[PDB]
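Participant: Chains as they are written, first to last, in full-length UniProt numbering: chain A, 12 to 28, 33 to 558, 585 to 641, 658 to 661; chain B, 296 to 307, 361 to 380; chain C, 1 to 24, 95 to 123; chain D, 164 to 186, 196 to 217; chain E, 574 to 693, 700 to 809; chain F, 65 to 83, 93 to 116, 142 to 212.
Take a look at this one; I'll ask things after.
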Amino acid sequence: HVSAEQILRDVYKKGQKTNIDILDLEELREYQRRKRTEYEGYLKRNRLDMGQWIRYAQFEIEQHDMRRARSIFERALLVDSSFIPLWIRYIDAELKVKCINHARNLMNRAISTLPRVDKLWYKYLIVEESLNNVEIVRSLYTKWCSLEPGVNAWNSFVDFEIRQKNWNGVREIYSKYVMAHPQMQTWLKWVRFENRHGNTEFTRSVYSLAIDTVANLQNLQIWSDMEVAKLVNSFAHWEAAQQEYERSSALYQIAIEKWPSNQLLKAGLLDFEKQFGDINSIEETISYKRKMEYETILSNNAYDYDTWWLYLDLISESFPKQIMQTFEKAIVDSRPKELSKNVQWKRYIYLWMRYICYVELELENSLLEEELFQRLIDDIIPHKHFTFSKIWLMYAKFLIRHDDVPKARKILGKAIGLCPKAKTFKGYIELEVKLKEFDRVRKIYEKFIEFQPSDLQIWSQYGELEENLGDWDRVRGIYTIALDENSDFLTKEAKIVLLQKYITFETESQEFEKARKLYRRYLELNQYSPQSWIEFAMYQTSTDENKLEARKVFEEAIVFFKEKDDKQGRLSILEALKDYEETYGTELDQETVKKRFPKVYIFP
Amino acid sequence: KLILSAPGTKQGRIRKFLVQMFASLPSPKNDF
Amino acid sequence: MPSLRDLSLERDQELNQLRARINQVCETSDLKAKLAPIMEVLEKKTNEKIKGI
Amino acid sequence: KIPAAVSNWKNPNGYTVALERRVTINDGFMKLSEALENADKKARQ
Amino acid sequence: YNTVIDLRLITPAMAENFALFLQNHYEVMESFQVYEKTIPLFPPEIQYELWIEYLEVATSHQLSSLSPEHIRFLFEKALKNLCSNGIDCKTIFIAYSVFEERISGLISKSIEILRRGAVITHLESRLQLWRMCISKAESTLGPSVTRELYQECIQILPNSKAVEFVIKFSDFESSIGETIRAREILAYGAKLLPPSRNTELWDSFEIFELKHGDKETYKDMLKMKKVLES
Amino acid sequence: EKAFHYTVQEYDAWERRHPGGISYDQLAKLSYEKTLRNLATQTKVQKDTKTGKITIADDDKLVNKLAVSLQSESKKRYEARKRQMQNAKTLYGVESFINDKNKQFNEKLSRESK
Ligand SMILES: O=P(O)(O)O[C@H]1[C@H](OP(=O)(O)O)[C@@H](OP(=O)(O)O)[C@H](OP(=O)(O)O)[C@@H](OP(=O)(O)O)[C@H]1OP(=O)(O)O
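In structure tokens, the structure reads:
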């Protein structure tokens with residue numbers, strides 16, 4: 012098939028489609048005249064074409080006419096003296112024809128014109144080094160460095176003197192280089208040199224210069240702390256290698272005294288002391304270092320409550336005087352911004368709970384603890400949105416601890432008022448049960464069932480409540496109310512379960528007749544289900586009178602099945618009669634059930 | 296980018365009566 | 001263990017040959103676990119006071 | 164890094180480049205349309 | 574032994590031979606001084622073995638008197654130094670998580686340590708740390724953290740590796756009851772790879788739709804399969 | 065298991081024997106260093147009164163070597179670019195073009211998609 016890509020390939024192939036020799040000077044002149052006219056025409060119309068300038072100069076080089084080539088390069092430099100390739104090409108053209116002095120004059124002009132272009136200095140340097148003009152290279156580096164260049168030029172000068180094995184020259188260069196570039200990597204380059212190319216007297220003297228310098232010039236804040244720290248650590252480790260551990264120890268002590276604000280220096284002393292020191296001094300420094308580490312992690316991320324827990328452990332373990340302050344930071348720093356019980360709030364509340372428990376145990380400051388509860392409940396927890404049930408239950412337990420039980424019930428009622436909660440109600444119920452003021456617990460239960468009316472869980476509790484109180488009549492009334500029409504918010508299965516619980520409770524009280532009445536009511540609620548009839552038969556059996590009651594219940598089940606006009610109901614009734622015969626009857630009733638069995658149904 | 300529905304999305361006045369019923373309860377004996 | 005302690009245990013076993021010649095659901099479950107004993111102590115103190123009342 | 168310009172109007176060199184190099197929801201509308209549907213049903217009935 | 578170490582003639586097997594000699598003679602607290610005197614001398618590749626020995630002895634030995642903040646300091650030092658040199662640090666991360674569970678019981682910190690290991700080229704180890712971190716979070720920390728780990732593991736890992744965790748994320752959401760989130764997670768996972776080389780997700784997608792979907796959604800899954808195959 | 069038996073000294077020996094975009098100043102220093110490496114593989143003054151100019155006693159062999167080194171490195175670079183151009187002129191997969199400059203332009207456009 013034709014394609015646009017194919018069409019365009021054919022266009023490309025469709026479009027993609033004499034070597035004269037010069038026999039004498041006259042033909043060469045004609046050729047050169049024509050070429051020069053061409054190049055001059057282009058450069059006249061567009062003098063900014065630096066590439067064309069270079070090509071025209073190279074054309075003159077190929078004619079061996081260096082005077083013309085030089086003139087072309089010069090004219091190009093007149094157009095744009097900043098174009099480094101032009102300068103480099105001109106210098107190379109000069110060197111290729113061995114005109115080393117023209118090249119020198121030109122390289123000197125280049126560095127005089129553009130002294131900040133490193134390429135020109137490196138060109139001059141490499142040219143003189145190729146000619147083994149070591150002293151010229153040295154004078155070049157001396158001038159370059161005197162012009163205060165970047166670190167690259169100083170490093171190159173050091174490398175040059177190292178090539179010359181001129182160790183005193185390298186000392187003198189470093190002596191200037193640390194002034195031009197005070198960064199601590201420059202001093203550490205000098206000490207690194209003296210270690211491999213110098214005596215230990217010099218190495219100690221250069222470290223002492225470094226410290227005396229940062230000490231005297233500290234007021235300028237030239238070096239960052241990390242720089243001074245690396246300088247001191249390097250100096251200490253070097254004295255440790257030289258077996259003079261005492262002088263490294265003195266160095267660390269005096270340096271820490273001079274600059275107490277540098278944590279990195281304390282950590283370096285910890286790193287040193289863990290391998291060259293002793294056991295006793297290591298753990299206090301480790302505790303301080305971990306305090307700093309937790310502080311850094313916590314300031315970077317204030318809602319990292321795992322680290323808050325570890326941080327509080329560390330401070331109360333090693334620095335007992337800072338316990339309270341760090342708590343007052345944990346409360347105010349880690350408080351969430353959101354307005355929901357997400358994981359941050361759930362983990363945050365345990366910092367408050369730990370603060371409360373710590374206060375109560377280690378201080379017994381009831382006034383302060385009451386102040387803490389006031390701050391938490393009234394201010395921090397957004398009650399209109401959510402609340403922690405454990406907080407209010409803990410407040411209740413603490414309040415009862417300090418004999419203000421009426422105020423404990425007052426704050427519990429307040430907790431119910433501002434934000435009802437299932438666990439708040441459950442804990443309130445539990446505490447009031449322990450208080451043994453049982454009459455108040457039922458008034459709690461009514462508020463609970465007002466809060467959420469559908470759950471049978473609350474509905475079932477009055478049963479064993481009034482049973483513990485021994486009020487059979489009140490329990491019966493409560494059970495009747497529970498299954499009444501006013502509780503329509505409960506599901507049908509939940510209502511059946513509550514009715515079953517009430518029936519079991521009534522059976523416990525030996526109220527067989529009331530149990531039978533409730534069983535009939537539950538069968539009415541079960542829409543005369545066959546299982547309801549079976550349960551009624553079982554209840555009659557639990558009421585040889587049991588066998589007669591079972592027979593009467595089987596007859597009632599048969600009558601109910603006939604009333605519903607259901608063959609499946611009749612089969613269920615027959616199965617119930619057979620089961621009663623098998624359990625507490627005889628084979629005669631089983632045969633009767635077989636006679637009442639319908640043919641595959659058609660009852661007979 | 297893996298965009299998900301928020302967590303919790305799923306596929307696809362009785363207080364007066366409760367108070368009245370509670371107030372109709374008989375007085376407790378406190379026989380315990 | 002597997003790299004160097006395993007070799008060194010063999011060394012301390014080879015030295016027996018030298019010795020022969022010598023002689024010849096909750097998102098806050100973890101915090102709950104950590105804080106549980108303090109809660110139990112506070113609960114016992116509450117129980118004692120509430121039994122007093 | 165300034166991308167190379169490719170014009171959709173001008174092509175001085177007559178180049179060929181890939182086609183790729185050459186080449196509002198408001199509830200008021202729904203509310204209006206359904207109001208007119210309701211008015212239509214109102215009249216029709 | 575100390576003179577051998579001073580002469581820098583100590584070899585990694587001899588540095589452990591000394592430490593084991595001291596431990597066998599109940600001088601354990603001075604055993605650790607051997608490990609700290611010798612670990613800095615060797616290259617990081619060997620520092621890994623000596624760090625393993627040091628931390629294994631420090632965390633579990635009746636005579637060690639290192640406080641918990643000290644053992645954490647050792648662990649953080651090991652992980653910083655070795656991971657600064659690219660050495661596989663899986664074993665130290667696992668040991669650190671186990672120790673953090675042991676000493677304080679902060680499961681949340683233990684999981685975060687494992688996640689640090691999996692997030693930091701040893702792709703098989705990072706897949707083992709992602710499986711342990713996520714399984715531990717599922718078993719103990721619940722959805723608010725498990726989702727933030729899953730949606731990071733899937734996002735970071737490349738295709739054909741993250742698909743394993745798309746199936747696992749879908750299973751987690753199906754168990755937690757968010758069937759729709761599971762369905763769209765699996766829908767995201769199906770698009771990662773051609774079904775010719777992506778059968779592992781597709782039979783679990785069929786299983787999920789049979790367990791929790793119905794006829795119309797299952798037919799949508801089949802539409803997705805045939806569309807993806809083209 | 066064979067590496068656990070090297071002394072600390074042997075580790076020091078082994079660890080010392082076997083341990093985008095560039096600025097013009099950095100490229101310049103690197104080129105200077107390369108030229109010095111190459112030199113390592115290969116390897142008075144008077145001032146007149148009348149003209150005032152200074153003359154240096156250069157070694158004509160070193161001046162010859164310099165001119166030859168510059169000629170040979172220019173040649174090497176030129177040939178490397180020539181080969182690179184032949185490769186570019188034969189590679190395919192780029193968007194359709196109608197002439198060589200159009201091909202180079204489409205390739206330049208392709209390098210922006212990186
Ligand atoms: O609303 P509830 O059915 O009473 O649920 C509460 C409640 O959970 P929510 O706040 O999410 O509703 C508690 O949380 P807080 O009020 O204390 O913040 C929670 O406690 P945790 O926060 O520790 O999970 C408690 O569970 P538990 O009883 O184990 O403390 C649980 O109570 P239930 O389990 O009885 O429902």
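All C-beta atoms in this analysis are idealised placements derived from N, C-alpha and C, irrespective of residue type, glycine included.
Comparing the C-beta of E/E626 with each C-beta of chain A, is any distance below 8 Å?
Facilitator: No, E/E626 does not count as interfacial toward chain A.
Participant: Between the alpha carbons of A/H117 and A/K111, how many angstroms are there, rounded?
Facilitator: Rounded to whole angstroms, A/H117 to A/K111 spans 11 Å at the Cα level.
Participant: Hey, how far is the Cα of A/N61 from the Cα of E/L772?
Facilitator: Those two C-alpha atoms are separated by around 58 Å.
Participant: What residues sit near ligand 1, counting only those whose C-beta is closer than 5 Å to one of its heavy atoms, in chain order?
Facilitator: Answer in sequence order: A/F403, A/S404, A/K405, A/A437, A/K438, C/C96.
Participant: Less than 8 Å between the beta carbons of A/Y260 and A/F291, yes or no?
Facilitator: Yes. Within cutoff.
Participant: Spell out whether any CB of chain F is found under 8 Å from the CB atom of D/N176.
Facilitator: Chain F contact via Cβ: present.
Participant: Among A/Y554, A/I511, A/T558, A/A108, which has the Cα closest to the Cα of A/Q542?
Facilitator: The candidate whose alpha carbon is nearest that of A/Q542 is A/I511.
Participant: Which chain D residues are close to F/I154, counting only those with a beta carbon under 7 Å from its beta carbon?
Facilitator: Simply none; closest approach about 46 Å.
Participant: So what's F/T153 in DSSP terms, helix, strand or just coil?
Facilitator: Strand, per DSSP.
Participant: On the three-state DSSP scale, how would you describe A/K306?
Facilitator: A/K306 falls in the helix class under three-state DSSP.
Participant: For a quick check, are the C-beta atoms of A/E272 and E/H643 less than 8 Å apart?
Facilitator: It is not a contact, given that the beta carbons lie outside the stated cut-off.
Participant: Starting from the beta carbon of E/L623, find every residue of chain F whose beta carbon is closer than 8 Å, and list them in chain order.
Facilitator: Chain F residues near E/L623: none, gap ~10 Å exceeds 8 Å.
Participant: According to the Cβ coordinates, are A/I141 and A/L135 closer than 8 Å?
Facilitator: Not a contact, by the Cβ cut-off of 8 Å.
Participant: Give the DSSP-derived three-state secondary structure of C/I123 in the structure shown.
Facilitator: It is coil, neither helix nor strand.
Participant: According to DSSP, what are the bridge partners of A/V512?
Facilitator: DSSP, once it has assigned bridges, lists no residue as partnering A/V512.
Participant: Suppose you measure from the CA of A/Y326 to the CA of A/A225; what does that come to, to the nearest Å?
Facilitator: A/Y326 and A/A225: Cα-Cα distance of roughly 38 Å.
Participant: Taking DSSP as the reference, what is the three-state secondary structure of F/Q99?
Facilitator: In this structure, F/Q99 counts as helix in the three-state DSSP scheme.
Participant: Does any CB atom of chain B fall closer than 8 Å to the CB of E/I786?
Facilitator: False, the Cβ-Cβ gap to chain B never drops below 8 Å.
Participant: So is E/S783 in contact with chain C if we call contact Cβ pairs under 8 Å?
Facilitator: No, no contact with chain C.
Participant: Would you call the CB atoms of E/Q620 and E/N654 closer than 8 Å?
Facilitator: Contact flag set, yes.
Participant: For the alpha helix (DSSP H) containing E/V630, list its first residue and its last residue.
Facilitator: Its alpha helix (DSSP H) spans residues 617 to 632.
Participant: Considering only residues of the stretch 69 to 137 of chain A, which uninterrupted alpha helix (DSSP H) runs meet the minimum length of 4 residues and lie entirely inside it, listed in chain order?
Facilitator: If we require 4 residues or more, the alpha helix (DSSP H) runs fully inside the stretch 69 to 137 of chain A come out as 81 to 94, 99 to 111, 115 to 128.
Participant: Name, going along the chain, the residues of the UniProt repeat "HAT 2" (79 to 111) of chain A whose beta-carbon falls closer than 9 Å to a beta-carbon of chain F.
Facilitator: Within the UniProt repeat "HAT 2" (79 to 111) of chain A, the residues whose Cβ lies closer than 9 Å to some Cβ of chain F are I99, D107, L110, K111, listed in chain order.
Participant: Answer with buried or exposed for A/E590, where buried requires no fewer than 16 other C-beta atoms within 10 angstroms of its C-beta.
Facilitator: Label assigned to A/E590: buried.
Participant: Less than 8 Å between the C-beta atoms of A/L540 and A/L514, yes or no?
Facilitator: Yes, they are a contact pair.
Participant: Taking contact to mean 3 or more Cβ pairs, one atom from each stretch, closer than 8 Å, check whether the stretch 762 to 781 of chain E and the stretch 734 to 750 of chain E are in contact.
Facilitator: The stretch 762 to 781 of chain E is in contact with the stretch 734 to 750 of chain E.
Participant: How about E/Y797: is its C-beta nearer than 8 Å to some C-beta of chain B?
Facilitator: No, E/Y797 does not count as interfacial toward chain B.
Participant: Under 8 Å by Cβ, that's how I've got E/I665 and E/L720 pegged, so tell me the actual separation to the nearest angstrom.
Facilitator: No, E/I665 and E/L720 are not in contact; Cβ-Cβ is about 22 Å, not under 8 Å.
Participant: Can you tell me whether E/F787 is buried or exposed? The criterion is at least 16 other CB atoms within 10 Å of its CB, across all chains shown.
Facilitator: With 16 or more Cβ atoms within 10 Å of its Cβ, E/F787 is classed as buried.
Participant: Could you give the first and the last residue of the continuous alpha helix (DSSP H) run that contains F/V143?
Facilitator: Premise fails: F/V143 lies in the beta strand (DSSP E), 143 to 145, not in any alpha helix (DSSP H).
Participant: Check whether the Cβ atoms of A/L58 and A/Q47 lie closer than 8 Å to each other.
Facilitator: It is not a contact, given that the beta carbons lie outside the stated cut-off.
Participant: Spatial neighbours of A/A255 within its chain, please: C-beta separation below 8 Å, excluding the five flanking residues on both sides.
Facilitator: Closer than 8 Å at the Cβ level, and outside the excluded window around A/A255, lie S263, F287, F291.
Participant: Following the continuous alpha helix (DSSP H) through A/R178, name the residue where it begins and the one where it ends.
Facilitator: Per DSSP, A/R178 belongs to the alpha helix (DSSP H) from 166 to 178.
Participant: Using 7 Å as the cut-off, classify the Cβ of A/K510 as near or not near the heavy atoms of ligand 3, replying yes or no.
Facilitator: This structure lacks ligand 3; the ligands present are ligand 1.
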